[PDB]
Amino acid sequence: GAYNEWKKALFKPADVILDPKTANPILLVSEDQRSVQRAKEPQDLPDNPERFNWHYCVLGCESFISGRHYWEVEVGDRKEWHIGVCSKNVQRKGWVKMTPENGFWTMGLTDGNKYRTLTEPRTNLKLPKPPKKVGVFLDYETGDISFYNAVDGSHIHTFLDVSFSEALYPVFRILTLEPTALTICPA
């Protein structure tokens, strides 16, 4: 459909690989650096400055300061996940609420069937069909971060007209231990 035919004409396909130095110690990044899973217990890793030490998050290796970019994530039948972008200077040590005011523009799924925007306060989304693949779209200059169902092209949510000042990284968060990973679709 138009989603597949047009996405690369309008947004540059990012090749997103997960950065293991950023991943909370309870997360596992695959060898190909496209998938993340959770362990039962935190692994023994350094508490280096880049690492999220409280939130179960991991970033992409590359950030954006301009332009239009997109990537796609296979959420599959996971019951819990949140994805989007965050500022380079978010608080990585200790808790902060993941909200736009704190430098996070994310949405996702909790409890199998509760889709939300991670706004302050959180807002519930009503999705007619559960997505299996989500496209994440950034237009830095217009300030828009949009999410689409990458199979049928349907709109999930847009953060509109944000005045970004920092570099933005792709961010991914998983809280649950489940058989299916969260995986980036390769460009």
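The term rigid core refers to the maximal set of C-alpha atoms that superpose within 1.5 Å between the two forms. Residue indices: 1-based, along the sequence shown.
Asker: Which segment is farther from the shown form on average in 6 other deposited structures of this protein after a rigid core fit, 161-169 or 15-23, going by CA atoms?
Answerer: When 161-169 and 15-23 are compared in 6 other deposited structures of this protein, the bigger C-alpha shift is seen for 161-169.
Asker: Higher mean Cα B-factor in the deposited model: 6-14 or 21-29?
Answerer: Per the PDB entry, the higher value belongs to 6-14.
Asker: On average, which has the higher Cα B-factor in the deposited entry, 157-165 or 50-58?
Answerer: Mean CA B-factor is higher for 157-165.
Asker: Among 149, 37, 146, 119, where is the Cα B factor highest in this entry?
Answerer: By C-alpha B-factor in the record, 119 ranks first.
Asker: Going by what the PDB entry lists, where does residue 132 fall on CA B-factor within its chain: lowest, middle or highest third?
Answerer: For residue 132, whose C-alpha B-factor we compare with every modelled residue in the chain, the answer is the middle third.
Asker: Quick check on the deposited entry: does the C-alpha B-factor of residue 82 sit in the lowest, middle or highest third of its chain?
Answerer: Lowest third, going by the recorded CA B-factors of the chain.
Asker: Could you look up the Cα B-factor of residue 94 in the entry and say which third of the chain it sits in: lowest, middle or highest?
Answerer: Tercile = highest for this residue's CA B-factor.
Asker: Compared with the other modelled residues in the chain, in which third is the CA B-factor of residue 76?
Answerer: Residue 76: CA B-factor falls in the middle third of its chain.
Asker: Ranking the modelled residues of this chain by C-alpha B-factor as given in the entry, is residue 103 in the lowest, middle or highest third?
Answerer: According to the entry, residue 103 has a C-alpha B-factor in the chain's middle third.
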